[PDB]
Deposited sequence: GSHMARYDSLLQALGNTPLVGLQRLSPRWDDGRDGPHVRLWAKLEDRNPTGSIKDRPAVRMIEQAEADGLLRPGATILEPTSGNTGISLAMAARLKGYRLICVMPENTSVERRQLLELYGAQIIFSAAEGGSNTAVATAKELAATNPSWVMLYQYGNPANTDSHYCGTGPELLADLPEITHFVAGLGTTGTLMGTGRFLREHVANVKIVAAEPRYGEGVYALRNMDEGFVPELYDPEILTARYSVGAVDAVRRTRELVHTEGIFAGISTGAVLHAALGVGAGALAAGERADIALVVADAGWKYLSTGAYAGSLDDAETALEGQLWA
C-alpha cells in the first residue's frame, strides 16, 4: 500500500498472449514463439508516460529547479501532458502543454480535468521557454530521466518476469522506452533483440541500441489493435497495434527459422482515449 497515487506506478503485469502467439507450446513441429504483453495502461493516468513524467519531476525537484507554484511547460501529443498534469496538481505546480490540434478530444478533457492549460510544437515550446526563463521545460525528448525511468523501472521488471526473453518490442517516439529498456536488456541479456515500430530526431536517441525498425502504417496499426482485443481481450491504444504488427513479423520470422522466441511487447496505453476516433 501507498501514501500516494504516484507510488502506485510501475510493477505492471506481464500477460501471455496464447491465442495470438505464432506457437505457444513446444511441439514436434518446433520450439515456441510466444508474445508477452506488458500492460502499461496500469499506471496512475493510463499510460507508460507516468514513469518518465514522474521521474522527470522528481529529478528537477532534486536538482533544485522547481519551487512550489512554479510553471512547468512541455510539448506533448497527449500522454506525457496528462501524466505531468496529474503530478503538477499534487505537487502544487502549474502545467502548460503545447500540443498538436489534431488530437483526440479525450486528451483535452483529461488535461482540462487535471487543470492543465493547453496551447494548440517542440519549437513553439522552446520559444516560449526562451521567453519565460521562470518556466521549467523538463523536455521529454532530451531529459535523461526519461531514459532512466525505463532503465531503472520497465527493464528490470521485464527481466524479472521474462528471464527467457529474446526480443523487446516497443514504439519509438521520444525514444525513452526503447533507449532505457533496450540498453538495460542489452546490458544483461546476450544476443537480445531490441525492435522499434514507428509511423510510416530527439536527443535521447542512441543508434547503437536498435536491432530492428519496422515502419508501420496507420491502417495496419488500427487493424492490429482490433485483432488484439478480439483475440486476447486487451483494450489497447493504437501504438500497441503498430507494436503488435512488428511483433508478428519478428514472430513469423522466428517460426519460419524454427527458433524459440519469447517476445516481450509494450502496451503503452488503453483504448479509452482513442474512442472518439471511431477506430473501435
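J.: Given the full deposited sequence, which segments carry no C-alpha coordinates?
T.: Those parts of the chain that were deposited but carry no coordinates are 1-5, 126-134, 215-229, 310-326.
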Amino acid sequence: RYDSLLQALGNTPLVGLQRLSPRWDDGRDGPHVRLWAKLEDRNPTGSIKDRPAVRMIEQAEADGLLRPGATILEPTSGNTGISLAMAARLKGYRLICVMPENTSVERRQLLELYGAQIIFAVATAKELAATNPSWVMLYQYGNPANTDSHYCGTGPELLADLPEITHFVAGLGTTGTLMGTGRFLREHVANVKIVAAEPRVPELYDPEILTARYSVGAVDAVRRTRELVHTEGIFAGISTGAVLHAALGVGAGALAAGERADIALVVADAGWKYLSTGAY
From here on, numbers count along this sequence of modelled residues.
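The term rigid core refers to the most C-alpha atoms you can superpose between the two forms while keeping them within 1.5 Å.
J.: Using RMS Cα distance over all structures and residues, flag whichever of 109-117 and 190-198 lies farther from this form in 6 other deposited structures of this protein after a core fit.
T.: Of 109-117 and 190-198, the stretch deviating more in 6 other deposited structures of this protein is 109-117.
J.: Quick one: with the core lined up, is it 163-171 or 133-141 that wanders further in 6 other deposited structures of this protein, going by C-alpha RMS?
T.: Higher root mean square deviation of C-alphas in 6 other deposited structures of this protein is shown by 133-141.
J.: In the PDB record, does 223-231 or 41-49 carry the higher mean Cα temperature factor?
T.: So the stretch with the higher mean C-alpha B-factor is 223-231.
J.: So, looking at the entry's B-factor column for Cα atoms, which has the higher mean, 239-247 or 55-63?
T.: Higher mean C-alpha B-factor in the PDB entry: 55-63.
J.: Looking at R183, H167, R107, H150, which has the highest CA B-factor as recorded?
T.: Highest C-alpha B-factor among the listed options: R107.
J.: Lowest, middle or highest third: where is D262 by Cα B-factor in its chain?
T.: It belongs to the middle third of the chain when residues are ordered by C-alpha B-factor.
J.: Which third of the chain does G81 land in by C-alpha B-factor: lowest, middle or highest?
T.: Its C-alpha B-factor, which the entry lists for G81, ranks in the lowest third among residues of this chain.
J.: By the recorded C-alpha temperature factor, relative to the other modelled residues in its chain, which third is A116 in?
T.: According to the entry, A116 has a C-alpha B-factor in the chain's middle third.
J.: Would you please rank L14 by its C-alpha temperature factor against the other modelled residues of its chain and give the third it falls in: lowest, middle or highest?
T.: For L14, the deposited C-alpha B-factor lands in the lowest third.
J.: Ranking every modelled residue in this chain by its Cα temperature factor as given in the entry, which third contains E157?
T.: CA B-factor rank for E157: lowest third.
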